[PDB]
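Heads up, the thing below is written out as structure tokens.
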Amino acid sequence: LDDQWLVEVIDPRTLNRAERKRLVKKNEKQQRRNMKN
Amino acid sequence: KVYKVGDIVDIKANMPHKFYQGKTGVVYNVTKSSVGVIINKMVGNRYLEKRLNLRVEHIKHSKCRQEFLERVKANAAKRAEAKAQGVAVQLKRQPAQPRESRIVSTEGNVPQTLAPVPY
Amino acid sequence: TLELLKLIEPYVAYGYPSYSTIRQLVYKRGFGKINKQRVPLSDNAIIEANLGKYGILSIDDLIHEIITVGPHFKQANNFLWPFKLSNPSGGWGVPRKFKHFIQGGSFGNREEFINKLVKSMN
Amino acid sequence: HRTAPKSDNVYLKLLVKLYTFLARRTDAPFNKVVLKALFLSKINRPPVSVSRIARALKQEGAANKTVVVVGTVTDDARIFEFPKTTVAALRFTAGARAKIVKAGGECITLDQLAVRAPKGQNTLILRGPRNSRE
RNA sequence: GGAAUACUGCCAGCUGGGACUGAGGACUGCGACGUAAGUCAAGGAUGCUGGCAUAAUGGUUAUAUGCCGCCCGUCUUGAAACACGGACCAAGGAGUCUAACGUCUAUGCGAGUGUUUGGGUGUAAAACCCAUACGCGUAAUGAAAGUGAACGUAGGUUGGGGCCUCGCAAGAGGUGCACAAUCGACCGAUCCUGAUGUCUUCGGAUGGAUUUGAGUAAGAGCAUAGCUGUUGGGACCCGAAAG
RNA sequence: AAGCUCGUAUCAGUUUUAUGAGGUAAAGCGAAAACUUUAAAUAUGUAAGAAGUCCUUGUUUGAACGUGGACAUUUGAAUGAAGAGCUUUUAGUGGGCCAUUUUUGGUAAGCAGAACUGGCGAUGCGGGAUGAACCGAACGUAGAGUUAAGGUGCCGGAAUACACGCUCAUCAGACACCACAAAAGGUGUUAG
RNA sequence: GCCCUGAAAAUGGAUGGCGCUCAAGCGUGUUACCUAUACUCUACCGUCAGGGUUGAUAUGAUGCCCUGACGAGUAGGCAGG
RNA sequence: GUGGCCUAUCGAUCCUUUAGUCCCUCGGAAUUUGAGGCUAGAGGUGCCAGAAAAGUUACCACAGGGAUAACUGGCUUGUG
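Residue numbers (PDB author numbering), protein chains in the order written: chain w, 154 to 162, 174 to 201; chain T, 32 to 45, 52 to 156; chain F, 123 to 244; chain Q, 15 to 148.
See the structure below:
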């Protein structure tokens, strides 16, 4: 979806990267949670 | 190269993920990397409204009324050049009439026969 | 209008009408249009009161405007009601009919035999 | 396209029977308007107040005309000086009738109007506010 | 070298045989032949002749002959049929009444409207008359205390049926109802600004910024009747296993 | 329909002109078969003006909103017709077969999923001996004429018509047809 | 190009049937003929639309007169009886 | 010197907390504790709770709907 030219309905790929990094950081946060407990 | 709200633009892909591929729309939005287009699509018998997001190299400008403006200019020109005289202007476009009678001459041209020999 | 004919070829028969077939059609199956209503001509008063604003004032002036395609042709044509023809009196020939006139049929452009067709459908 | 009065009022039937003839032989556009207005239902024929009639006569140059209402002419108590008009209409409430006659004008009906102004000269047509209801 | 016939086409050329049709009901029109008066195949049939006057034409009916016609109703869109009901007859048999809201139409009155819970009366469950009250309406808005609709000719522009003026007529000009769009003015709520006076904290003068309401900006509702829609009542009818 | 609220010189499953994209290549030929310029229509897109155009020239010398003023009909291709939208408001119905045209994926074979055009359901009438999907076909009551598709030995209305060829089958052939058996065998016959 | 083999069972049997071999079979061409509720013209019924008309003693004013185009139908909708 | 590093979902409108210039209300009237509103803020699935509170019955009763099995597509036979 980065290079895919037209998207068929905010720029819609930036939201996609935003959610990507959202889940990535949730994972990397829960990593610390498990390390501490 | 400044696409704004209201402009009218074509689509061109310099794989086949979506095929609008040369349907002309109107811009409603612009960003540093993408553009927004609207499209009228026939769903049954009516033109319903679709929205689209396209990159910059995958778009261009249109040349639709390019002849319209030149022709209304020249219409205005000959209109006054007609008022400035006595005239039968007739400033409308007509379709291709049927061609009229002529005579062809056979002096360097004696008709060179051929048959389906084939050759 | 050439491409209209090229579209609807498989359903029609057309060609180039002579003067005498136009004359016969207009004289025998010619009905005008007084604002509506498909009125029969039978007279020059009906033509004159309805097309005298274009210089046509007789059934012969109407035939002239038709055959020698004129600048009041659109109006002189849309004055007349589409002609109601009957089946041909000798038949069409052609055991089968929906094939191109070139291929032994009826539809398409016969280009001069439209007179021999219309004079029997008249 | 409404053509026939749906009521049974015999006098309204007569009024239509006169106006169809007038509008068929007169070609003055006023008559066709009045005829079309005589077919309207009671919810499309709202009333018009003496105060709206007065405000209508208060425009410039229109102080000597006859005003015509196809509905009713109600009254209003919020005005104190009423002009010396002449109103033709269908109905008159007692209040409006007394107010106009005390002002000094006349009250008449559509058929007396048909006799007076046949083509419809020097007339005004007013319609009450329709969509104000729900 | 001079012709002819064939073939395709045109004639506002001529002349025979056959079949179906005769709508219309004083006159008016467009025409043709006429020296003319007049005649005519020109805006839809008349002239002459014969037979019989009744079961002859025609109708109803029984049968024969030629061709045609798969058994009804219901339930599933395809083998679209299958499947379920039908022995025959007569009588009975299924979208009704009511209560509450709503659209539309008719009538009565109209900024109002509704006599009939009651009283008076009578030719006695009829008809006729009536006082005081009450509902709905004539005003909203705030969570609430509360507050509560004119800068002007009740507004500026954009069109707007009609009307007046000029015009031979098209047209031009003036005025503009209802209604629609936009910028305004007013009322309530929210945020600020915070006087003249105050009992030292009361009170809210004058002016602004958005957002919001079926708000105001010369009222339109009330009442009964009819067709109807939604909901409840056994609710179009019959058919069941329960507590 | 209830519905009156506006009818405009406006609409349209159509063509044409301008401009796009598909580019296969048939173009031909490119400076050496790579070139990068080119021909028609092939189905989809957009446009073709009277609330449209012209003149002074403010806003912070280009562009955008201006002020104020001016141009009405050969008015800007063809063809056909005066008929949609707004709100009030409402009855029945809401997921399937057949065939055709393109694309995607397929296998012993059939096929599976798409979008599009007809038909059927609600539908009679002529023909295919019989028939939802095949071929004709604009359903009031009648008279005359002419025909579509299909046919003209008899059943059965209509030429045991005319003309040129091919075929002999020990259950020929007279069709859903250009499909499976289908690629081959034959001292059967014809023409290349 | 025609023709013969190129497999496929079971009550009796189907180019629709009789029958047909210089065809009544296969390819093709020129004509004449038969026939639908389709096309053309005419008369009658109805629907829709466009025109004219209360003027008297002549009448049915939701009337009367002139003209033109149309008519399939389930659920459902309207109008007249 | 390489043939890996990590992971529950879920709301976030079922609610956590707090303060008011002279903010408004609490039914006969006051005062003080108290409650309730709307105006502010400050917090966000860490800490809870769950997409419904378990089976079995062959006497099993009532109202409905069901076949037709050998024929989609000319399929079937002797040699992978």
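We put the beta carbon where it would ideally sit given N, CA and C, even for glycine.
In this structure, the straight-line span from the alpha carbon of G118(Q) to that of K133(Q) is close to 26 Å. Distance from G177(F) to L163(F) at the Cβ level is roughly 17 Å; contact not present, criterion being Cβ atoms closer than 8 Å.
By the CB criterion at 8 Å, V64(T) and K35(T) fall inside the cutoff. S71(T) sits close to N90(T), with the two beta carbons spaced by under 8 Å. For the region 52 to 83 of chain T, the beta-carbon criterion of a distance under 8 Å to any beta-carbon of chain w is satisfied by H54, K55, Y57, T68, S70, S71. Assignment of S211(F) by DSSP, reduced to helix, strand and coil, places it in the coil class.
Between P60(Q) and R144(Q), the beta carbon gap of about 5 Å places them in contact (Cβ cut-off 8 Å). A111(T) and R102(T) have their C-alpha atoms some 14 Å from each other. A distance of 8 Å or more separates the beta carbons of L28(Q) and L52(Q). What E161(w) touches in chain T, judged by beta-carbon distance under 7 Å, is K55, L89, going in chain order. By the CB criterion at 8 Å, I57(Q) and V101(Q) fall outside the cutoff.
With the criterion set as a beta carbon lying under 7 Å from some beta carbon of chain w, the members of the region 92 to 118 of chain T are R92, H95, in sequence order.
In chain order, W158 make up the part of chain w whose C-beta sits under 7 Å from the C-beta of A44(T). Taking the Cα of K87(T) as reference, the smallest distance to any Cα among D155(w), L154(w), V160(w) is reached at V160(w). Counting along the chain, the unbroken beta strand (DSSP E) around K97(T) starts and ends at 96 to 98. Here the C-alpha atom of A91(Q) lies approximately 20 Å from the C-alpha atom of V81(Q). The alpha-carbon separation between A171(F) and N45(Q) amounts to approximately 31 Å.
According to the DSSP secondary-structure assignment, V80(T) is paired through a beta bridge with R83(T).
Judged by DSSP secondary structure, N200(F) falls within the alpha helix (DSSP H) whose first and last residues are 195 to 200.
For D155(w), not one C-beta of chain T is nearer than 8 Å to its own C-beta.
Just so you know, the alpha carbons of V162(w) and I75(T) end up roughly 10 Å apart. Using a 10 angstroms sphere on the CB of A103(Q), the tally of other CB atoms reaches 16 or more, which defines it as buried.
Within its own chain, the residues whose Cβ lies closer than 8 Å to the Cβ of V126(T), once the five positions on either side in sequence are excluded, are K115, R116, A119, listed in chain order. Contact between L26(Q) and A128(Q) is ruled out by a C-beta separation of about 14 Å, above the 8 Å threshold.
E233(F) counts as exposed, since fewer than 16 other C-beta atoms from the protein chains shown sit within 10 angstroms of its C-beta. The continuous beta strand (DSSP E) containing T100(Q) extends over residues 100 to 103. Apart from the 5 residues on each side of it in sequence, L154(w) sits with its Cβ closer than 7 Å to the Cβ of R177, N180 in its chain, given in chain order. Excluding sequence positions up to five before and after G152(F), its CB lies within less than 7 Å of the CB of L163, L202, all in the same chain and listed in chain order. Under the three-state reduction of DSSP output, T61(T) falls in the coil class, being neither helix nor strand. At the C-beta level, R105(Q) and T86(Q) come within 8 Å of one another. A44(T) sits in coil when the DSSP states are folded into three classes, being neither helix nor strand. The alpha-carbon of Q134(T) is positioned some 37 Å away from that of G212(F). Residue pairing for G230(F): DSSP places it in a beta bridge opposite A135(F). With respect to the 8 Å criterion, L179(F) and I169(F) are classified as neighbours on the basis of their beta carbons. Between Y138(F) and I224(F), the CB-CB gap reaches or exceeds 8 Å. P176(w) carries a helical assignment under DSSP once its states are collapsed to helix, strand and coil.
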